[PDB]
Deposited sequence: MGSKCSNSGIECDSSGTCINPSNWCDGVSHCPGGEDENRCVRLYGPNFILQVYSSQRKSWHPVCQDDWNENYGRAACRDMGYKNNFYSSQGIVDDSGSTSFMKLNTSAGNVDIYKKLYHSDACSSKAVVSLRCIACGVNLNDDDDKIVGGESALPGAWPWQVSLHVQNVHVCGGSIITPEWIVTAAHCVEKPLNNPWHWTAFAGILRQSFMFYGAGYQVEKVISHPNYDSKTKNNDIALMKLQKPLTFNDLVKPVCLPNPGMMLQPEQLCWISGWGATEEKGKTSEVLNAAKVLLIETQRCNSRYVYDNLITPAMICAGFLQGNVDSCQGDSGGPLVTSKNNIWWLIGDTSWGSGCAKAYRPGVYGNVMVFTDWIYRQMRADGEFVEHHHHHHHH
């Protein structure tokens, strides 16, 4: 019953609404304990008092040691970051990605060939699409991950990161593609550097614009019915309002609250076969956030047939629980 709220990572605790935690008597050790509860295990980044009813710490005997208070004597609330994420440098109709521009991007291989995309969230956890791991690719032995390499010809056999665990959302529906999200855990943790870094998981209360400016990246075909791209490509896309995406001329009521549309109704710029499982990201408060995972669409870059992505914000607490359960 502990969460991070908005682009400023305000620590909140639930009461049978949600209230922010006082900076009073708080320290890095309480922050570490809060991150462990969220399933971040050994990950911790920062804990600081932001000037934004409250939950106050009881200096007697992490969640059970908080009580409701009218005011914070420190006149600040806790801002909690569990991992250094969402920092980078500085597909149809896109452009070659630069080194370090999309450092959370991974290429997921089966039998030495790219199958799907993925997004690094921790040194051992990757977010992908549940449709990527449908039978007969449900078992983790099939899979290997490539990070910090832009080119498929530079992804050598024996050099990938073996996948040890595969977890599909319990409500994934293969007919409709509803709840199209899965997690992969690596056998060995990744080494973060200027080319390999995680993207931030989205917090409730991001307050994105109806047509928020986003980016997609992947090794998917550069034209409908085309082959896997040898190079990583990236493109700017705008969110498409669900009411508009659900209209008779677009996807006629097939867009659920677990899905987000992005792209252009005139087409020309879109995700395609092989981009699936990959990131849909946005920049807000100088942080890159994982808004979606490439899920589905009718054809590629066709007019009135945009891209459909898993609504990652809806899945964040399910993700936390799987990371904690491991």
property: Stretches of the record's deposited sequence for which the structure holds no C-alpha atoms; result: 1-39, 56-58, 95-99, 109-112, 142-146, 383-395
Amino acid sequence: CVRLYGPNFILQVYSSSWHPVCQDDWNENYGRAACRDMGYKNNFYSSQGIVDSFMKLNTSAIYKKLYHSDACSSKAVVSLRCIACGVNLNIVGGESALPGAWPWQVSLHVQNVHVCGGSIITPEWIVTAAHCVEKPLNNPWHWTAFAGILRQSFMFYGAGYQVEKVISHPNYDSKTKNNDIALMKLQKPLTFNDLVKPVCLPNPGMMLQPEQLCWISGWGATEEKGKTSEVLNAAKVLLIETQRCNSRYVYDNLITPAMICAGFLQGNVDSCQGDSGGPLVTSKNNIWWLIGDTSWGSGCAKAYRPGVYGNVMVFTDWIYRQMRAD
From here on, numbers count along this sequence of modelled residues.
item	value
Mean Cα B-factor comparison, 69-77 or 192-200, giving the higher one as deposited	69-77
Higher-scoring stretch by recorded Cα B factor average, 315-323 or 1-9	1-9
Residue selected from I62, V269, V281, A258 by maximal Cα B factor	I62
Out of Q111, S217, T128, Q212, residue topping the C-alpha B-factor column of the entry	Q111
CA B-factor placement of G274, once the chain's modelled residues are sorted into thirds	lowest
Position of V51 among the chain's modelled residues by C-alpha B-factor, lowest, middle or highest third	highest
Among modelled residues of the same chain, the CA temperature factor third for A303	middle
Where the record places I83 (Cα B-factor, split into thirds across the chain)	middle
Lowest, middle or highest third - CA B-factor, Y251	middle
